[PDB]
Amino acid sequence: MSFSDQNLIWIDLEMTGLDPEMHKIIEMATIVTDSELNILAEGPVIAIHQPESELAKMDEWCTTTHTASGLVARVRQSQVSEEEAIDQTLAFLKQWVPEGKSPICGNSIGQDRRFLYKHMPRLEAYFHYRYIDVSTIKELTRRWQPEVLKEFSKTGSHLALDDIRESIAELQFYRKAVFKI
Ligand code: NA
């Protein structure tokens, strides 16, 4: 419909920890915006099944966070593997953005990209090599005019779709508050 090579692919992952070689993806969500950050479509929100032995690698922060959000129960119930999650996400993205054109967009998105390289390389390959990291702008704002940051707050629920929605809202806030373009 509004298929364009200027559209942006936003992605957030939840994981069993911080180390791609050790840990696993347990949730993925994607959103497509246009170049002006208008949300065009939300993609599959997928709790990815992992066996107990992988969930058992989670530290206290991960265990309490992902249990209290209901994600662990959804992971245990899920019948969707990483490959099926890739397939579903690619089938969605191909309707909105061409392959290789959108940077990866989100908060500290380098960490997510590391997990994509290791666990979902077919999905990583869909992104342009660049990064649109909203936390880059957060950090520069904290240093150049930190009082701006008191005007925006995040819930930070670690539900992947809600957090990527917050990432977009954060960048929308920055465009009005710290940008002049
Ligand atoms: Na994240």
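Would you confirm, using the coordinates I've provided, whether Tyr174 is in contact (Cβ under 8 Å) with a residue 40 or more places away in the chain, part of a loop (DSSP other than H, G, I, E, B), away from the ligand (no atom under 14 Å from the Cβ) and surrounded by 15 or more Cβ atoms within 10 Å (Cβ to Cβ)? Please lay out each step first, then the result.
Numbers: in contact (Cβ under 8 Å) with a residue 40 or more places away in the chain: yes; part of a loop (DSSP other than H, G, I, E, B): no; away from the ligand (no atom under 14 Å from the Cβ): yes; surrounded by 15 or more Cβ atoms within 10 Å (Cβ to Cβ): yes.
No: the conditions fail for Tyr174.
Hey, any hits in segment 117-140 for a residue that's within 16 Å of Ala29 (Cβ to Cβ), surrounded by 12 or more Cβ atoms within 10 Å (Cβ to Cβ) and touching a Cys at 6+ places or on another chain (Cβ under 8 Å)?
Yes, segment 117-140 has at least one match.
Being away from the ligand (no atom under 16 Å from the Cβ) and part of a helix (DSSP H, G or I) is the filter here; which residues of segment 139-150 pass it? Walk me through it before giving the result.
At the first step, the residues of segment 139-150 found to be away from the ligand (no atom under 16 Å from the Cβ) are 140-150.
Within segment 139-150, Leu140, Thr141, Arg142, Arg143, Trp144, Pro146, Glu147, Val148, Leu149, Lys150 qualify.
From the list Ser157, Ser135, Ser153, pick out the single residue that is of a type outside the set (A, V, I, L, M, F, W, C), out of contact with any strand residue (DSSP E or B) (no Cβ under 6 Å at 6 or more places or on another chain), outside any helix (DSSP H, G or I) and within 16 Å of the ligand (Cβ to nearest atom). Give the steps one after another, and end with the answer.
Numbers: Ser135 fails: outside any helix (DSSP H, G or I); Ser153 fails: within 16 Å of the ligand (Cβ to nearest atom).
On inspection, the qualifying residue turns out to be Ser157.
Quick check: anything in segment 97-108 without any contact (Cβ under 8 Å) to a residue 40 or more places away in the chain, under 28 Å from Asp34 (Cβ atoms) and touching a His at 6+ places or on another chain (Cβ under 8 Å)?
Scanning segment 97-108, I find at least one residue that is without any contact (Cβ under 8 Å) to a residue 40 or more places away in the chain, under 28 Å from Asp34 (Cβ atoms) and touching a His at 6+ places or on another chain (Cβ under 8 Å), so the answer is yes.
Yes or no: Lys118 closer than 20 Å to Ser35 by Cα and either in contact with a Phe, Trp or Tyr (Cβ under 9 Å, 6 or more places away or on another chain) or more than 12 Å from the ligand (Cβ to nearest atom) (or both)? Steps first, please.
Details: closer than 20 Å to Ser35 by Cα: no; either in contact with a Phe, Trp or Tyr (Cβ under 9 Å, 6 or more places away or on another chain) or more than 12 Å from the ligand (Cβ to nearest atom) (or both): yes.
No, not satisfied.
All Cβ positions, even for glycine, are placed from backbone atoms using ideal geometry, and neighbour counts span all protein chains on display. We did not get these values from a lab; they are worked out from the coordinates using the rules stated.
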